[PDB]
Amino acid sequence: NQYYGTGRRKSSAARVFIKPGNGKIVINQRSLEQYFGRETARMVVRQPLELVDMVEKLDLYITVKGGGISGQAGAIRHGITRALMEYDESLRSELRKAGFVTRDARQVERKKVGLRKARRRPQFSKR
Amino acid sequence: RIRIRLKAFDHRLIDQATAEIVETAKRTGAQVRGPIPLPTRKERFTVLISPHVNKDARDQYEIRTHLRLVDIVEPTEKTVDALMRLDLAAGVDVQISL
Amino acid sequence: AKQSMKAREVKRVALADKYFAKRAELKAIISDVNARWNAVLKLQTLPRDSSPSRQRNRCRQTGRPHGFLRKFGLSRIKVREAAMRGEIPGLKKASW
Amino acid sequence: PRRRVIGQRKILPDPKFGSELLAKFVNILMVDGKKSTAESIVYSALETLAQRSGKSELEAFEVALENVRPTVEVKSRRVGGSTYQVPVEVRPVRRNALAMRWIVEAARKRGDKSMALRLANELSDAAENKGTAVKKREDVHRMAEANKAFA
Amino acid sequence: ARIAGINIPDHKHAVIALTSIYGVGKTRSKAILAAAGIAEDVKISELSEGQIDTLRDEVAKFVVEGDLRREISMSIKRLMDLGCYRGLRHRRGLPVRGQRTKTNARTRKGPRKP
Amino acid sequence: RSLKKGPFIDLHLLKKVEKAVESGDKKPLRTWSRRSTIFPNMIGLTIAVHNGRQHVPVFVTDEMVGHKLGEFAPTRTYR
Amino acid sequence: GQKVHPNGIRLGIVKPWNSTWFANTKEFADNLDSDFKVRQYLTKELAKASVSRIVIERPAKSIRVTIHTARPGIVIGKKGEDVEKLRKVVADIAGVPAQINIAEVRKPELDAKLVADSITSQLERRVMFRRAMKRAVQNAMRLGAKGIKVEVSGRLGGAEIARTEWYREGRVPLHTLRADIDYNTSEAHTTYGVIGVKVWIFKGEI
RNA sequence: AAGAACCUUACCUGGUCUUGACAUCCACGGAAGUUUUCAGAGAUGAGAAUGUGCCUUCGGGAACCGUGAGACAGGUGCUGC
RNA sequence: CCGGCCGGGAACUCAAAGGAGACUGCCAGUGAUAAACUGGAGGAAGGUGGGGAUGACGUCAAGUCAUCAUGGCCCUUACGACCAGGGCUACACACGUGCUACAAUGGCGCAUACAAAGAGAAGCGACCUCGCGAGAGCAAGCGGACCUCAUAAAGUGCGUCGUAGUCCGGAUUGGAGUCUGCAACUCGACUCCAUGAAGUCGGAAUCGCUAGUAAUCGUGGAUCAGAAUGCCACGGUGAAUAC
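This report concerns the structure included in the present document. (Residues numbered from 1 in each chain as written, not as in the entry; some residues may be left out. Chains lettered and ligands numbered in written order. Part of a larger assembly, values for the part shown. Heavy atoms only, no water.)

It is worth spelling out the overall build of chain F at this point. Scanning chain F for helices and strands turns up 1 helix and 3 strands. Start at the N end of chain F and walk to the C end: the helices and strands fall as α-β-β-β. What you see for chain F is a C-alpha radius of gyration of 13 Å, in line with the 12 Å of a compact globule of 79 residues. A buried classification covers 38% of the 79 residues belonging to chain F. Nonlocal contacts in chain F, meaning residues at least 24 apart in sequence, comprise 42% of its contacts between residues at least 6 apart. Total accessible area computed for chain F in this model is approximately 5,300 Å², and 55% of it derives from carbon and sulfur atoms. The distance from the centre of the 15 positive side-chain charges to the centre of the 7 negative ones in chain F is 10 Å. (Helix = DSSP H or I, 4+ residues; strand = E, 2+ residues; numbered from the N terminus. Rg over C-alpha atoms; globule rule 2.2 N^0.38 Å. Buried < 20%, exposed > 50% of the residue type's maximum accessible area, 1.4 Å probe, protein only. Contact = heavy atoms within 4.5 Å. Areas by Shrake-Rupley, 256 points an atom, 1.4 Å probe, with all protein chains shown as cover. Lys, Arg positive; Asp, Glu negative; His and termini not counted. Charge placed at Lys NZ, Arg CZ, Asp CG, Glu CD.)

This is how it looks when you write it as structure tokens:
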């Protein structure tokens, strides 16, 4: 199979053409180093990109669609999980034990009537 | 090439109407592309329940306008003859292009 | 109740939409200069109710100024009543 | 939490060193949800603290954290005269968390302009046992020994 | 560079002292910034006479300094002489640009007087 | 702050102001419409703005040209 | 004061919409007011015919109105002359060509609009409210519904202090949305005040 | 109040009332309307020009307009105890 | 044309119809052989999965006769009704809500990213030209997954500011475009250029919130010729602590 982008997190969906090769991340035919290579928090979004530990020999071209940056990272990670179960099912148990096969269903709670935010209530005067 | 945009407030009426049009094209025997769904327009109205005073207690309404486009490949004269009051459902508005 | 405002709103609707909205629009585009003024004076000599500024868009079964919604065409209380009774097609309560 | 307490969320390791402790330091230090700025200030301070100390980043943080961990801490139980403070042993997560909190406020109390630099300064102060976070630790310990109630 | 004012550049920007002199705004400051095109945070030693002359001609071409006191003075004075309330309500000192003074406009009214 | 396509004048005021200028012998001109920019033709006249049942007469001068008619006229009273 | 309209909470779930048409944002209000003028006229014109529900369907050229009635004979008139005069006046109210169908309401005591206007007519005729409510719940419980709640309210029997007296039989599950409850009100315009009658009838769980 | 420059919009000046801004009749005349002049802050008037088409078993019926007395209106006036 | 743009394909994101799944279902312990509780396997989701709509008999004679309808009372050549203008926008002070902040976890300047929801026919308005700018003129595509509103904002990579009253922004009459021309004086906003007050984190007290929540960062709606930091929705990063 060709290992591809699967899965969702926040408001994202993964489109990674991950393939055997030296892993240098290219986004929209442009480099990590041109886009945000020396950005801080790039490393801590790229660590869930690596956290499936099948990135050590895999070249990454990442054009994950939609949503914020950490959600895009979770979509990429979930895609490598689902593609590696599509490759071989013995390592399903170890991704389950580490806790990466779980999609994080946490999402933005809605605004509400008589209230500024999802839970945030007007400041109440006792008098 | 016949481009029929049929829109209603109820999805059961929508599915009945689009199955009728697909049935008409199937009865005349032409290549039919599937009825695609176009996204529902959730028009939300937030309306005060109390006649005199409230701000926290208020109820919200929605009108949902559904949309499918059938986009049949081949129209024909037998279908043009058979179009006369073929839809026959008051809930659905149908829009036509050539 | 409030029949004076009903006939006042009917008055500004008929004075804006029917007698005018062509004479006023032509005088407006004459008033903006394209390359004391006659268009400003003549738009003054037109009656003031002809202006679409004047119309307060108001409820049809009652006449409440506020809580009017243009799409339904009635006051807030009346669209609640017709929604809960089923007169308005497709109007269901929102719960997302 | 009358019914049931909820267990804490599983904390991710930091990317550079694989430390849930350093990640908890990051999560405590952030404001307005700014993890990028928080961990950058952390890395800059850990680099400067490590080059002044001559030891590694996590070990310098560990020695400084060990100096900001209290052993005893009071708790208002009102056992005497309806207003009394009782010294109680503090569990290791609350030791490390109170260390990190007293540190990040000790950074905020230090008058240096850039918070990465003052963050390394009272890290070095805790490693030599003279900063205001360890002052808070001494005040907490002196209050425990002052109002000793139960073992 | 001191022209018709009290403020002077001192190892800092000309534009802050220029906008501190009343009678102008900061579009003169932005225009002098665009005319120079250099870093004005550098030392004011070897302050250029070209900068002094461009500053002077920009002030002279636009509204010259000292005209704010001039404008408020003739406004209050001509309506006080003619007896009308427009300059009187500027003398009273409350906002008449359209602003609420019911509990706001403490910047005009000063400290609160019980 | 206001339009540059034309300086607005009330048409009844324009007629009565040019008639007052042409005659040269006039009383105060009573006007309820306070929203008129003063023309240079108006200099040499008192034009009365509407305040209350009472009278506010304004002798408009050379300076009071760009300002509207009601700026000089107080609608509210205070201590 | 605090209870939801049952038809509104069951509008997409169980109960059907009363008017079925599609108009855009430019013609929706104009159609709605046309429906109201037709509905108001036909209600105030055949309140003596005991009409229960009026459904108006517009295919955006014509108007089709169905009147759900217990007594079809007085709605029709003789030879359809009354219903044809109705068809003509509905045509000039709607402004578009018209059509009337008559669908009959079997078991009139199970229809809440008919019970509400029956109790309203008796309360105008100074029959006592307690006899009206006991008659309503007893007749429904005989006729075969699973339950009935009758609320009468305000100025009962010519007392200065208004009161709300409710009489309930069977199961009336308002909170359950799968249940069908037809709820309808009526307004009796008495001498001392106005007496308002609210009836819920529970027929089954759909 | 999910929109105070007028409008909205009730509290201060001018103008109007037995049909009033707003419907129903009874009686008489005129198509409805369009375009203008002048006075005035202006619905207010005072004047002018063109349209009597739509039709009635024409013993003239229209959606309509103007006027007159009556019934009648009307009220964001009070009492939510 | 290295823009899926173009053939193709329907493989996936999706758009939207119908199903499945989550039931203490299984295992172990506790508990009475019950309910249940506590862990574990499976699994995207675990024990109301999250949120919402749903507000029982009643209570306050709570609110509305100003939404309407309505009983009684009153005005009716006025307590009906029209116009101009004015007030609802004032101001010795006091609290209730929210916004801008007192900076360096921040400004300021260049470059570079990643969303969701909604609206649109007198309505949305691209591209080009003219303007520092608000905007002007020319003006395609659109009653809609097309087109337009609309190259979001924090995040950034380098620099510079390293007490600065700081782009934190107050303050009359201007210099202005734009809205309706009854008309931006009493009275809209907008880069407004208008003098850069105060506040160097705030006393007694007090308020909102157990996980995508708090906090922070931006966006759209309705009212509407215009006129929000209010109300009604939507997205990003992302806490700490419950002994």
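We are not done yet, so read on.
Here we come to a nonpolar patch on the surface. All names here are of chain C. Among the surface-exposed residues, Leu-26, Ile-29, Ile-30 and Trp-37 lie close enough to one another that they form a single nonpolar patch of about 350 Å² accessible area. Of note, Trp-37 is situated in the loop between α2 (23-31) and α3 (38-45). According to the relative accessible area criterion, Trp-37 is partly exposed, its value standing at 35%. (Patch = residues over 30% accessible without salt bridge, like charges linked within 9 Å, V, L, I, M, F, W, Y side chains within 5 Å. Salt bridge = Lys/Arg side-chain N within 4 Å of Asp/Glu carboxyl O.)

On to the protein's contact with RNA strand I, then. Around RNA strand I lies a shell of 170 residues, among which A:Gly67, A:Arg119, B:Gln60, D:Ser36 and E:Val24 are the nearest. Those atoms of RNA strand I that come within 4 Å of the protein belong to sugar or phosphate at a rate of 78%. Within the side chain of E:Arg28, an N or O atom sits 2.8 Å from a base oxygen of RNA strand I. The dominant element in the surface near RNA strand I, judged by the number of residues it contributes, is strand β2 (residues 36-47) of chain B, at 9 residues. Looking at side-chain class alone, the surface near RNA strand I contains 48 nonpolar, 50 polar and 72 charged residues. (Near = heavy atom within 4 Å. Polar contact = N/O pair within 3.5 Å; in protein donor to acceptor, adjacent residues only side chain to side chain. Nonpolar A, V, L, I, M, F, W, Y, C, P; charged D, E, K, R; others polar.)

Let's shift gears to the pairing of strand β1 (residues 3-8) of chain B. Alignment of β1(B) against strand β4 (residues 92-97) of chain B, held across 6 bridges, turns out to be antiparallel. Bridging across to β4(B), B:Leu6 finds its partner in B:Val94. (Pairing = 2+ DSSP bridges.)

Okay, the pattern of salt bridges next. A complete count under the given rule lists 41 salt bridges over all chains for this structure. Here B:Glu62 ties to C:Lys92 by a salt bridge, and the two come within 3.9 Å at their closest N and O atoms. You can see B:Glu62 sitting in strand β3 (residues 59-69) and its partner C:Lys92 sitting in strand β1 (residues 91-93), one on each of two chains. Classification of B:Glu62 as buried rests on a relative accessible area of 4%. Among the residues examined, C:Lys92 registers a relative accessible area of 28% and is labelled partly exposed.

Together, A:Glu50, A:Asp53, A:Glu56, A:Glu86, A:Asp88, A:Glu89 and A:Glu94 give the surface a local cluster of negative charge. Turning to its location among the elements, A:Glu50 is positioned in helix α2 (residues 42-50).

Okay, the side chain of A:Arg42 next. Within the secondary structure layout, A:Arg42 lies in helix α2. Of the side chains with opposite charge, A:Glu39 lies nearest to the buried A:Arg42, which makes no salt bridge, at 7.0 Å.

Moving on: the interface of chain C and chain F. Each partner contributes to the interface: chain C provides 9 residues, whereas chain F provides 7 residues. Both sides of the chain C and chain F interface together cover about 670 Å² of buried area, and 62% of this is carbon and sulfur. Three residues, C:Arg36, C:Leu41 and C:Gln44, lead the burial of chain C against chain F; their summed loss comes to 56% of the area buried on that side. If you look at where chain C meets chain F, you find 0 salt bridges. Taken together, the connections running from chain C to chain F amount to 1 residue pair in polar contact. Top element by residues in the side of chain C that touches chain F is α3(C). It accounts for 4 residues. Considering only residue class, the side of chain C that touches chain F consists of 3 nonpolar, 3 polar and 3 charged. (Buried area = accessible area lost by both parts, 1.4 Å probe.)

Let's shift gears to the interface of chain G and chain C. Contact residues are listed per partner, giving 18 residues for chain G and 17 residues for chain C. With both chains or domains summed, chain G and chain C bury close to 1,700 Å², and 61% of this area falls on carbon and sulfur atoms. The tally of links from chain G across to chain C stands at 2 salt bridges. Between C:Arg60 and G:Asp33 there is a salt bridge, with its nearest N and O atoms 2.9 Å apart. Within the residue set of the side of chain G that touches chain C, elements represented by two or more residues are α1 (6-9), β1 (19-21) and α2 (28-45) of chain G.

This part is about the nonpolar core. Membership of the largest hydrophobic core comes to 33 residues, with the highest contact counts inside it found for D:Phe25, D:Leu29, D:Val42, D:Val68, D:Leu119 and D:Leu123. Counting only elements with at least two residues in this core, the list comes to α1 (20-29), α2 (35-53), α3 (57-68), α4 (92-109), α5 (115-127) and α6 (132-146) of chain D. Setting aside chain neighbours within four positions, we find D:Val68 in contact with D:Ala99, D:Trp102, D:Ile103, D:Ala126, D:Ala133, D:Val134 and D:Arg137. Grouped together as the second largest cluster of nonpolar side chains are 26 residues, A:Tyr3, A:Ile25, A:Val45 and A:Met85 included. (Core = buried A, V, L, I, M, F, W, Y, C linked by side-chain atoms within 4.5 Å.)

Neighbouring RNA strand H are 30 residues; C:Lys2, C:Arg8, C:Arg54, C:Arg56 and C:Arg64 lie closest to it. Counting only atoms of RNA strand H within 4 Å of the protein, the sugar-phosphate share comes to 71%. Within the contact set of RNA strand H, a phosphate oxygen lies 3.3 Å away from a side-chain nitrogen or oxygen of C:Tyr19. Among the secondary structure elements, those contributing two or more residues to the surface near RNA strand H are α1 (3-17) of chain C together with α1 (11-23) of chain F. The element that contributes the greatest number of residues to the surface near RNA strand H is α1(C), accounting for 7 residues. When its residues are assigned to classes, the surface near RNA strand H shows 6 nonpolar, 7 polar and 17 charged.

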